[PDB]
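Engineer: here is the sequence, then the experimental structure:
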Amino acid sequence: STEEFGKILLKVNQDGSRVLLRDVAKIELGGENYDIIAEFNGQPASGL
Amino acid sequence: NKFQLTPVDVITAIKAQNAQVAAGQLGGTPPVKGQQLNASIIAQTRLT
Amino acid sequence: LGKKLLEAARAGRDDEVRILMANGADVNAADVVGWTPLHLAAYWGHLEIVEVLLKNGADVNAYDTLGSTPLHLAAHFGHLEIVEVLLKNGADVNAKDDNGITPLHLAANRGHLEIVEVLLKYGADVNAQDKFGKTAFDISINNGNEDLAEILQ
């Protein structure tokens, strides 16, 4: 889940403050690639 | 030996300085809408 | 004897459990990892067998070979009704396993808000630390569970 990835621990600072992955990046499910976008009669779609 | 080097150093340097390196694209997907140009980035390529 | 009951409690067989205790089977029988019929019923979410087991004198604070109680299991796996029943019948709300982990830690980690409230209701030490110095609040912050974080303040 994105929640589990977001709390990946990158490092701990000297003051004990924790740097988590979600502190340097946005975490979301998204396409392996974003190159293909299809429409069926003008409406968003997928297909095979 | 004069320069305190060995064949290990030679091999490491050749592998680093004669190599193909993947980069990416300018304006690649998913883009910021309004992007006007999409182009491949070419980085290190093999010596000739 | 008890093995019959350990299995019947796991499978969730309400009748069998009754018949086996009418025959005088040990209700605190332990399997190879120290789990009692109450551990299994709590883990797999069989509330009826939990009640019928406690009614027959099931040790509600039994602990396995790593120190976890049926309340650890029920809280961890989101079995609200079983948590209440266990607590109603004298379950140590602050029980620590060998890692210093409490049912509140486990409920907090899985974001079972309703179960957290019940545990606090029965007097769960919000400041209890595990072997790594972590509280249920530390868990809620690390997980980013806003709803839970405020409940612990």
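Structural biologist: Nice, thanks for sending it over. Residues are numbered from 1 along each chain as shown, chains lettered A, B, ... in the order given.

Engineer: distance from the centroid: which residue in chain A tops it?
Structural biologist: Ranking residues of chain A by C-alpha distance from their mean position (Cα atoms, centre = their mean) puts residue A:41 at the top, at 30.1 Å.

Engineer: oh sorry, the question was meant for chain C
Structural biologist: The outermost residue of chain C relative to its centre, with distances by Cα atoms, centre = their mean, is residue C:23 at 26.6 Å.

Engineer: just say helix, strand or coil for the closest residue to chain A within chain C.
Structural biologist: Of all residues in chain C, residue C:142 sits closest to chain A, at 5.5 Å by Cβ to the nearest Cβ. Every C-beta, even on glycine, is put in place using the N, C-alpha and C of the backbone. Reduced to three states with DSSP: H, G, I helix; E, B strand; the rest coil, the structure at residue C:142 is helix.

Engineer: how many other residues sit next to the spatially closest residue to residue B:24 that is not a sequence neighbour?
Structural biologist: The shortest distance from residue B:24 to any non-neighbouring residue, by Cβ to Cβ, 6 or more residues apart in numbering or on different chains, is to residue B:41 (5.4 Å). When counting by other Cβ atoms under 10 Å in any protein chain shown, one arrives at 10 neighbours for residue B:41.

Engineer: can you give me the neighbour number for residue A:18?
Structural biologist: Residues within reach of residue A:18, counting by other Cβ under 10 Å, total 15.

Engineer: ok, back up a step: mind listing what the residue farthest from the centre of chain A touches?
Structural biologist: When contacts are counted by Cβ atoms under 8 Å, 6 or more residues apart in numbering or on different chains, residue A:41 is found next to no other residue.

Engineer: close enough to count as contact, residue C:46 and residue C:12?
Structural biologist: Yes - counting by Cβ atoms under 8 Å, residue C:12 is a contact partner of residue C:46 at 4.4 Å.

Engineer: so which of these two has more stuff around it?
Structural biologist: It is residue C:46, of residue C:46 and residue C:12, that has more neighbours when counted by other Cβ under 10 Å, with 25 against 16.

Engineer: now whatever residue of chain A ends up closest to chain C: phi and psi?
Structural biologist: Of all residues in chain A, residue A:7 sits closest to chain C, at 5.5 Å by Cβ to the nearest Cβ. Residue A:7 adopts backbone torsions of phi -90, psi 20, taken as degrees, to the nearest 10.

Engineer: ditto for residue A:3
Structural biologist: With angles defined as degrees, to the nearest 10, residue A:3 sits at phi -60, psi -50.

Engineer: which residues belonging to stretch C:47-65 are considered buried?
Structural biologist: Within stretch C:47-65, the residues that qualify as buried by neighbour count (16 or more other Cβ atoms under 10 Å in any protein chain shown) are C:47, C:49, C:50, C:51, C:52, C:53, C:54, C:58, C:60, C:62, C:63, C:64.

Engineer: quick one: the first one and residue C:80 touch, right?
Structural biologist: No - taking contacts as Cβ under 8 Å, residue C:47 lies outside contact range of residue C:80: 9.6 Å.

Engineer: tell me where chain A has strands.
Structural biologist: Secondary structure of chain A by DSSP state E: the strands cover A:9-12, A:18-20, A:38-40, A:43-45.

Engineer: so what touches the longest one?
Structural biologist: Put plainly, it is strand A:9-12. For strand A:9-12, the surrounding residues in contact (Cβ under 8 Å, 6+ apart) are A:18, A:19, A:20, A:21, A:23, A:24.

Engineer: phi and psi next, for residue A:27.
Structural biologist: Backbone geometry at residue A:27, expressed as degrees, to the nearest 10, gives phi -110, psi 120.

Engineer: from chain A, how far off is residue B:41?
Structural biologist: The gap separating residue B:41 from chain A is 16 Å, by Cβ to the nearest Cβ, to the nearest Å.
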